[PDB]
Amino acid sequence: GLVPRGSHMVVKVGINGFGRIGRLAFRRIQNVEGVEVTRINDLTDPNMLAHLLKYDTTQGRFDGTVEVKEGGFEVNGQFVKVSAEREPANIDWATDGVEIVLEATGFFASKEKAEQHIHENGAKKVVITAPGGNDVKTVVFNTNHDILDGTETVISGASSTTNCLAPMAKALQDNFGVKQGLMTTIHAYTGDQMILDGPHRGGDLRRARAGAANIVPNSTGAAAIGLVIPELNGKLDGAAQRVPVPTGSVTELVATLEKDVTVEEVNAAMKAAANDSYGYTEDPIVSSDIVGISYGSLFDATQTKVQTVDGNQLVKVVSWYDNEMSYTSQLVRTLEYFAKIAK
Amino acid sequence: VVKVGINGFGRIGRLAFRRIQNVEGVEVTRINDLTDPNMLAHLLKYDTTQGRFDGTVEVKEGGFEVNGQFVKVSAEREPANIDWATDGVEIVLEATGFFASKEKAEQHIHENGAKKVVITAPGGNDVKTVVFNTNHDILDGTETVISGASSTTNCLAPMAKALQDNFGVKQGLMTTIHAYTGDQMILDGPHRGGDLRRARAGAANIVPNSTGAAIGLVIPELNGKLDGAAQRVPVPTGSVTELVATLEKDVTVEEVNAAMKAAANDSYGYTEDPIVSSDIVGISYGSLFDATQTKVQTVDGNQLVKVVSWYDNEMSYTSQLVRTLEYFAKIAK
Amino acid sequence: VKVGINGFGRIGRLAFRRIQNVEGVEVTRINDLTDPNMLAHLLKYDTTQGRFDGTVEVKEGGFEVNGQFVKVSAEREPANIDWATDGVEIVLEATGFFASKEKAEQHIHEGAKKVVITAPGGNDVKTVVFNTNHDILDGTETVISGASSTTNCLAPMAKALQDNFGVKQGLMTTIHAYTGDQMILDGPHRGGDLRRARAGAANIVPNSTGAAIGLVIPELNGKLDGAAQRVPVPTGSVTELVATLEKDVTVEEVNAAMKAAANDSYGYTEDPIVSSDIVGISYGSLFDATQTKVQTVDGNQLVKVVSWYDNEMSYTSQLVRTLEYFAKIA
Amino acid sequence: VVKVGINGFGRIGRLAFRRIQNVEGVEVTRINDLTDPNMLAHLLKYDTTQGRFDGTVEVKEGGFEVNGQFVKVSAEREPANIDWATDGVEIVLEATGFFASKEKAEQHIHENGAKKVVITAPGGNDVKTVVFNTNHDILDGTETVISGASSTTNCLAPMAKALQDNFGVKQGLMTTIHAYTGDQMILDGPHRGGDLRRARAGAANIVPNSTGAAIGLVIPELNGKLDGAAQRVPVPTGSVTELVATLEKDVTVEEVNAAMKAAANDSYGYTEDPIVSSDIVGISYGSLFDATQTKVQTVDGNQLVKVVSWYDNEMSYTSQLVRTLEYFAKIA
Ligand SMILES: NC(=O)c1ccc[n+]([C@@H]2O[C@H](COP(=O)([O-])OP(=O)(O)OC[C@H]3O[C@@H](n4cnc5c(N)ncnc54)[C@H](O)[C@@H]3O)[C@@H](O)[C@H]2O)c1
Ligand SMILES: NC(=O)c1ccc[n+]([C@@H]2O[C@H](COP(=O)([O-])OP(=O)(O)OC[C@H]3O[C@@H](n4cnc5c(N)ncnc54)[C@H](O)[C@@H]3O)[C@@H](O)[C@H]2O)c1
Ligand SMILES: NC(=O)c1ccc[n+]([C@@H]2O[C@H](COP(=O)([O-])OP(=O)(O)OC[C@H]3O[C@@H](n4cnc5c(N)ncnc54)[C@H](O)[C@@H]3O)[C@@H](O)[C@H]2O)c1
Ligand SMILES: NC(=O)c1ccc[n+]([C@@H]2O[C@H](COP(=O)([O-])OP(=O)(O)OC[C@H]3O[C@@H](n4cnc5c(N)ncnc54)[C@H](O)[C@@H]3O)[C@@H](O)[C@H]2O)c1
Ligand SMILES: O=C[C@H](O)COP(=O)(O)O
Ligand SMILES: O=C[C@H](O)COP(=O)(O)O
Ligand SMILES: O=C[C@H](O)COP(=O)(O)O
Ligand SMILES: O=C[C@H](O)COP(=O)(O)O
């Protein structure tokens, strides 16, 4: 009973933080009818942002025309306003008809701080492009977007590893039942790592190190999975290994299950679970092959292991994801759906 | 002074040569590869990941001089045709990567050739496989062909044995996040070994792959209880092994770390510093346990235990290789 | 016209890709040193150039591309390749091992009619950079060269200077992506080069360059020389040229001359781009006006001009353009 | 024993600190940055490109100990508010990259502050700019603010002076193929300095850029005769400078190389080995001439001359910086 809007009824979106996720979100929204970006807020001039939209190291040239103007830029003829406001409270989103804001700066990833966007002359709702705490509904599309009714003011689109892990873990649960599991993500380097050894503003002694020249251990925002799959809460934990590729990642999960299984049964379950969000492949691919994909998670049957020792089984399952575009695809899918049921 | 020969003056061969400079009673008198001495002399002097050679290297005819001492160089394809005895060589380091079996490594042993061979890699189940300070007991000195194992094996072995001896291991799964190597392609192209993943550009990709860690040969009681795989990533050297395992006893994170510290020696290191891969380049430990990455997950009375150890696939292995070579040379009967 | 590819490597595979969108050119036979499954996989998936735009399915003795079967063979000697069996008239020699008239001719026997070498092929072989000197071709030739990637970059930029201002002399530096003939890690280089021996994705590596040109622009013969700096990117390059000219010039005049010279082969841009922005482009050379310098000291001028190129796809685009044109003149 | 302070414990600051351990007249008693001592202690111990610290480092309150000796750490944003005198500091190494001018570097000199300042970068035309063993003659010891030049300047200077003194230089154009640096972005993003190229992912691109060596302050006679640019490329340190020039005299390749060998010293190295960038990481030469890359093109009586020298933008510069600091400290 959610009375969703048609794609002909156009919801106007604002992007706070025109960074990797923000710019890629903007790109995908070009091919979503009924969602449209009318306002961008960052910490720089429009020429910088226009240039970064046109040209993209890992994701290729922009599919269209971009021309700089005063106080903004034009994309395929359509003007988009640019502002440079530090404080989310001072952003006059309503001036440009913006109802929903994509919070993509990485600095306001909580209910309290994201709410600052909602005020007079501001926005109605906010989607955080990251984990946003336990008091915020956290959505991985085609896994738990049921939870949305449309009344919510602040929601989270989860992390990129969460979007990778979730469908793979849920497939295990639903078919076999999961007792417990440990996860390792072999992950591309990101903007919060230092280009060369130097003082990390977050106090992390490992993110302080040269990210494109090191294997760097680190924490992960997907262990936060109980918010997406309630029945698995407290049963999964894990960590990351940040490695020298500018984008593209893979999640390994080692787990104990309720029932006995074979490699063939596991792969078959994953193929059966496949959809627009959760992909399936039996090709021996590498990280560059998943750059720019629209799947939130791509299961790799070639890496599946089922070890049996004295009646006991450890099960290993592995799924690829482009931490940039895979997440962004899921983010926009969640945004689109949320916009149509917004109250 | 036992005189050694190196077949395959590659990454492991050149680094083995370097370490042997500081081992009294071991000395390299003959090198065999597929190239001229100028190429090899240059590759010894200058090293991308391991730094400049600590000494003098000057090219001569049919060889080169290292700190005054001449070392002969030959370019023989077939191990059968290498006249090792001419230069007083008794033991050969087989480091080409093309003769890693008993049958093929034996070809070094003939008249005018060598007496013994150490393979710098896994060499099959009919060859004693040694990780130093873990199972070098098995050597009596009568053996003709031995294996020094793989680099991941030298990393995993002491960490796994420490778990076994203290707590007892039921089963375990391993992932090594591993530097790229010479058998990967620099850019996408046909791999001569038929591997569709090693075919891909190794310095521009996360590349899944099999792993040579053959652990039951080193720790017999764990045979068939451990399996694993690799993720090859863009660093020119330096690696880390993660092991997830179930144990016979209940444990805490503190107990696990304490067991590892107690097990520490020249081969097995210990650290509580939050280090990264570049910090282990050139170390002499075969394995360096990292207490900062230890996990002990407890869910409904059941425990999964995660333990992680660093290793420089190049120098860590080479240090272990030379330690094993030194010891084997002294008991050679 | 039915084409054969010898050496299904970086250039061979990318040539194959471009030929899909050239009507009247079609690849019916591939020869390499491996099984079809390896080659089919390498066609589908490409680190730097992206996934294949189509379907690839492995068969016996070959593979299918969008339904069409393409035969695969594994013959080491070009003399033993029975090209005629598959109606092949022209062969793309892309192995890097037969880059001379003598050795490339070995394809022509009872086999193929003609051969295009995907590299410099000596002074006794017509060397073509498309839209610069493809006028040279009459169609009777048995063996031709498509030049090198740096040659295709430099040529239109250097000719534009000559035609407008006249060139006295010049020195060139290409800051170049690493290539397959470099070692992944320090090791013995089969060609004897002590620098290509070194880890190519972890070093700035000085090296020689195959663009030292008089074969493409006769009037500039012996007036240009240069070198390379190989650097850690898997593809994408840039050529810098410092030169003395016959006439006095300004920065504006130079850029204007380059824009006037622009076409399908020679691009023009005033955007401050980087190497990743030129990966996969179809221009053989893309002049960058932002890097132009004209230094004047005591009446004398040094002139600096810079052009981008994807050593892989830029060259391949030029190669296929030259192949298409050469095929049509029987 | 002259007591030194480091403002900005970054790449140059930390490496300067390392080299000062083996300089007897010089000692670091105070470090100022924007972080806690644990972060700085860790970054001193472990170094991606330059290797582990040769010694012992242990964290304390308000500082850390190095081989037993305590060094104080503070976190003051404004150079005016740094009480250098408290720790006996006379000379400050300004290594933040944010105070590279006479005006802004002078802010270190006040009551309870420092006496003198060495900027680890170009610092404008009103500040004596020194490349050691090329023009450190210029120093008399009365100066309040000096510059140690840039890394490319320290590379280029001895190579260019050798050309001038032997053959005479008419004009020249320079290209440095340079390692990426901290002021580039790790991934595509808004550059705080407004540069659209430094905005791009530095470890995944060839990135054109300006250069801080484009030299008349170091070699007066060459002023306005040289200009150039950079190509930033994916290595975490290590660089090479190419110079193409016209000369007053005719020359051969052998004569050029011979002139460079004759000019060699502790600052200016010479080599005939075909080396690559990793081979110069951590060297103490400010500039290392490579004879293998020399070219002398002759066309119709006219000559273009190409000369190339290696440098570790990090340690080569730092070696020169400390040599200049040592000498400057001695003549106060
Ligand atoms: N990159 C990924 O792989 C990835 C994946 C999933 C989620 N995320 C999340 O998305 C968010 C951003 O990630 P990213 O990698 O795109 O970040 P980024 O660093 O690339 O971009 C952040 C942008 O925010 C801007 N910004 C910073 N402070 C601001 C302020 N006060 N006001 C306005 N703008 C400001 C910056 O100028 C920059 O343009 C984070 O929450 C991150 O956790 C990132
Ligand atoms: N590099 C590592 O991380 C590592 C660690 C442990 C073990 N290993 C093992 O050590 C061996 C060598 O590895 P690498 O990376 O040092 O090899 P590499 O590719 O660097 O060197 C192989 C060398 O052997 C030479 N060679 C090849 N065929 C030959 C022949 N028929 N006769 C004489 N010389 C020949 C080559 O010229 C080359 O110098 C392999 O078995 C490998 O599995 C490697
Ligand atoms: N990639 C570039 O940057 C570039 C640009 C312009 C020109 N070229 C030239 O193109 C040629 C190929 O370069 P590449 O980069 O594609 O190299 P590559 O190494 O990727 O391709 C060579 C291919 O030929 C095959 N091959 C080798 N020997 C053979 C034989 N005897 N018979 C049949 N097949 C054989 C190999 O298996 C490999 O797949 C070279 O001449 C090179 O100089 C390269
Ligand atoms: N790295 C090189 O290649 C190189 C070579 C020659 C010269 N330089 C010069 O050295 C200077 C610094 O270079 P870098 O690459 O080491 O920088 P960096 O980014 O490594 O270090 C800068 C340090 O200064 C600190 N800092 C910033 N603002 C500060 C303030 N207000 N007060 C105290 N500390 C502050 C930072 O936290 C950081 O630790 C620049 O002027 C640069 O031109 C660098
Ligand atoms: O920082 C951004 C990451 O891409 C998302 O976090 P994660 O790797 O833990 O999922
Ligand atoms: O060839 C590579 C080294 O021997 C180590 O590889 P590994 O993971 O099989 O031990
Ligand atoms: O063109 C072939 C290789 O890419 C090398 O290029 P180059 O000879 O133009 O320098
Ligand atoms: O940004 C820091 C540079 O290293 C400064 O030195 P440079 O101008 O000589 O390149």
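All of this is worked out from the model, or read from it or from the source named; these are not laboratory values. Counting neighbours? That spans all protein chains shown, and the Cβs are built from the backbone with ideal geometry, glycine included.
Looking at D:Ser239, D:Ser278, can you tell me which residue is assigned by CATH to the domain that holds D:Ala162, of a type outside the set (A, V, I, L, M) and under 14 Å from the mean Cα position of the chain (by Cα)?
So the residue among D:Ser239, D:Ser278 that is assigned by CATH to the domain that holds D:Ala162, of a type outside the set (A, V, I, L, M) and under 14 Å from the mean Cα position of the chain (by Cα) is D:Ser239.
So which residues in segment A:188-218 are touching a strand residue (DSSP E or B) at 6+ places or on another chain (Cβ under 7 Å), away from ligand 4 (no atom under 12 Å from the Cβ) and facing chain D (nearest Cβ under 8 Å)?
Of everything in segment A:188-218, those that are touching a strand residue (DSSP E or B) at 6+ places or on another chain (Cβ under 7 Å), away from ligand 4 (no atom under 12 Å from the Cβ) and facing chain D (nearest Cβ under 8 Å) turn out to be A:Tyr189, A:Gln193, A:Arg209, A:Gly211.
Looking at B:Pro158, B:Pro190 in this structure, which one is over 24 Å from B:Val276 (Cβ atoms) and either part of a strand (DSSP E or B) or not assigned by CATH to the domain that holds B:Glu103 (or both)?
B:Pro190
Within segment D:20-30, does at least one residue satisfy the condition of being surrounded by fewer than 23 Cβ atoms within 10 Å (Cβ to Cβ), farther than 24 Å from D:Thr144 by Cβ and touching a helix residue (DSSP H, G or I) at 6+ places or on another chain (Cβ under 6 Å)?
no
Checking the structure you have, find out if any residue of segment B:290-302 is more than 9 Å from chain A (Cβ to nearest Cβ) and in contact with a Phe, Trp or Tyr (Cβ under 6 Å, 6 or more places away or on another chain).
For segment B:290-302, residues more than 9 Å from chain A (Cβ to nearest Cβ) and in contact with a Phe, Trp or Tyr (Cβ under 6 Å, 6 or more places away or on another chain): absent.
Among the listed residues A:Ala269, A:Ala273, A:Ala339, which satisfies the condition of being farther than 22 Å from A:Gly191 by Cα, small (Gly, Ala, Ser), more than 16 Å from ligand 2 (Cβ to nearest atom) and crowded, with 23+ Cβ neighbours inside 10 Å?
A:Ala339
For C:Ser307, indicate whether it is assigned to a helix (DSSP H, G or I), within 14 Å of chain D (Cβ to nearest Cβ) and in contact with a helix residue (DSSP H, G or I) (Cβ under 9 Å, 6 or more places away or on another chain).
Answer is no for this residue.
Does any residue of segment A:170-187 turn out to be among the hydroxyl-bearing types (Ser, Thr, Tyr), away from chain B (no Cβ under 11 Å) and out of contact with any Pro (no Cβ under 9 Å at 6 or more places or on another chain)?
Looking through segment A:170-187, none of the residues is among the hydroxyl-bearing types (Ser, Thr, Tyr), away from chain B (no Cβ under 11 Å) and out of contact with any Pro (no Cβ under 9 Å at 6 or more places or on another chain).
What is the number of the single condition among (1) part of a strand (DSSP E or B); (2) within 18 Å of B:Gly168 (Cα to Cα); (3) out of contact with any helix residue (DSSP H, G or I) (no Cβ under 8 Å at 6 or more places or on another chain) that B:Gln231 does not meet?
B:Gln231 satisfies every listed condition except (2).
Would you confirm whether any residue within segment B:235-248 is more than 12 Å from chain A (Cβ to nearest Cβ), part of a loop (DSSP other than H, G, I, E, B) and away from ligand 4 (no atom under 16 Å from the Cβ)?
no
Restricting to segment D:14-43, name every residue that is within 10 Å of chain A (Cβ to nearest Cβ) and either under 25 Å from D:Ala329 (Cα atoms) or not in a loop (DSSP other than H, G, I, E, B) (or both).
Hits for segment D:14-43 are D:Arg14, D:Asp33, D:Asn38, D:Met39, D:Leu40, D:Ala41, D:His42, D:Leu43.
I need a count of the residues in segment C:64-121 that are surrounded by fewer than 16 Cβ atoms within 10 Å (Cβ to Cβ), closer than 20 Å to C:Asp181 by Cβ and either within 16 Å of ligand 5 (Cβ to nearest atom) or charged (D, E, K, R) (or both).
Total meeting the criteria: 1.
Could you give every pair whose Cβ atoms fall below 6 Å, whose first residue belongs to segment D:44-62 and is outside the structural domain of D:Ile283 (by CATH), and whose second residue is surrounded by fewer than 15 Cβ atoms within 10 Å (Cβ to Cβ), counting only separations of at least 6 or pairs across chains?
Correct list of pairs: D:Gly55/D:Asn67; D:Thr56/D:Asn67; D:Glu58/D:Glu65; D:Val59/D:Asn38.
Would it be correct to say that A:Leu196 is touching a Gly at 6+ places or on another chain (Cβ under 7 Å), crowded, with 19+ Cβ neighbours inside 10 Å and more than 26 Å from A:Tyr295 (Cα to Cα)?
yes
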